[PDB]
């Protein structure tokens, strides 16, 4: 395949290798995010408005 | 007492242990079980 101005291979190794064997695929990595939220905060009297 | 010569090859390459539902009996040994070797037989010895 041609990308940008460069030539490059392109191959998915899920068929020739790893097929019907128990070892998982390595390319499916794992993201990680740690959420956060406040529970019982109370705004001042200046922002209690609808 | 397994098959001696196969008739036709197989083409699909798929994990078989996950598909044990379709089969009737399904036995998987690890590697070179010492049981598939010994062969006993019954015999009839002459008829009068």
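For neighbour counting, all protein chains shown are included, and Cβ atoms are generated from backbone atoms with ideal geometry for every residue, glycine included. Taken together, the values in this text are just the output of simple stated rules run on the coordinates, not laboratory data.
Here are the numbers:
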| item | result |
| --- | --- |
| Flag for residue A:48 being more than 24 Å from the chain's Cα centre (by Cα), closer than 30 Å to residue B:19 by Cα and part of a loop (DSSP other than H, G, I, E, B) | no |
| Pairs where the first residue, in the range B:30-48, is in contact (Cβ under 8 Å) with a residue 24 or more places away in the chain and the second is loosely packed, with under 10 Cβ neighbours inside 10 Å, C-beta under 6 Å, 6+ apart | B:36/B:2 |
| So residue A:27, is it away from chain B (no Cβ under 14 Å), surrounded by 10 or more Cβ atoms within 10 Å (Cβ to Cβ) and within 30 Å of residue B:14 (Cα to Cα) | no |
| Subset of the range B:14-30 (residues that are within 14 Å of chain A (Cβ to nearest Cβ) and surrounded by 10 or more Cβ atoms within 10 Å (Cβ to Cβ)) | B:15, B:16, B:19 |
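Residues checked against (1) closer than 30 Å to residue A:17 by Cβ; (2) within 14 Å of chain A (Cβ to nearest Cβ):
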site	(1), (2)
B:6	yes, no
B:12	yes, yes
B:32	yes, no
B:47	no, no
